[PDB]
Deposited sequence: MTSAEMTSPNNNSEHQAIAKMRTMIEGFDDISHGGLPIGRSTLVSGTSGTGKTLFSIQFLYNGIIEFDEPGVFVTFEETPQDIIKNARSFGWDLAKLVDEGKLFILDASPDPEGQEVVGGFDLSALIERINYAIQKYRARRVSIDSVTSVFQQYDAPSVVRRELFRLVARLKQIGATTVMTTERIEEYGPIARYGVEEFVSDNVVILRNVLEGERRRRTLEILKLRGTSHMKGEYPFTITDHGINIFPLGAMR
């Protein structure tokens, strides 16, 4: 797949690089939306982990809720030692999680981390729609200027309803991935869809995946 306009970097997540016809568009952001426990955080961690392990590309993980400590503990579920990557300066977890007890400043923290750690991959996890739209638009634009390739996760509450919470997120993003966890006849089945990738082709519709001891495994069928 060399005849496409947009250079892509490989997630090395089994099956995803096939669905995306080469990986995530470089220097752009990809929205990854899903209901609770669909694998958003896992996808964003796996993106960073693979970048470090496979290509020695440093990553920055920005967390807004889960603590770094819990992110690290949970990744051990997959045999990933993120503490060691942090110790080696290859992974930086930026803690923006609220005190257990603005955006401008946040963006500067991110930029600082990206420069300090030489980061090539970024993951960001995770009331007026128009305000959300402009703020997200601003975040996306700043990351692009910096040159980062970014996964940003968002929540949604229905498997076949709005893409994210505010009805605007999918429109200001260059790339949109939807993780679903569909309940039918009392069974759950996980799927991944690439809804859009601006300027390039991709496989369409839903593709099954599982979450196992090895992380996400996606199965393309086309």
Spell out the unmodelled ranges of the deposited sequence for me, N- to C-terminal, numbering from the first residue. 1-12, 114-121, 147-154, 251-253
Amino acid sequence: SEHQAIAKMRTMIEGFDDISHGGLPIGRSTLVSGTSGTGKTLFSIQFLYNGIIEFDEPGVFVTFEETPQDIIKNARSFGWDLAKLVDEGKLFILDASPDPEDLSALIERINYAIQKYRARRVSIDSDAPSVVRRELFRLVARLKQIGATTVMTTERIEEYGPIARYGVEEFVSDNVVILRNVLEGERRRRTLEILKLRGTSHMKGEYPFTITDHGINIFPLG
From here on, numbers count along this sequence of modelled residues.
For 29-37 versus 63-71, entry-based mean Cα B-factors point to 63-71
Mean C-alpha temperature factor, higher of 103-111 and 136-144: 103-111
Based on the entry's values, in what third of the chain does the Cα temperature factor of residue 184 lie: lowest, middle or highest? lowest
Which third, lowest, middle or highest, does the C-alpha temperature factor of residue 216 belong to within its own chain? lowest
How does residue 165 rank on Cα B-factor within its chain, lowest, middle or highest third? highest
Pull the Cα B-factor of residue 150 out of the PDB entry and bin it into the chain's lowest, middle or highest third. middle
Divide the modelled residues of the chain into thirds by Cα B-factor and specify which third, lowest, middle or highest, holds residue 121. lowest
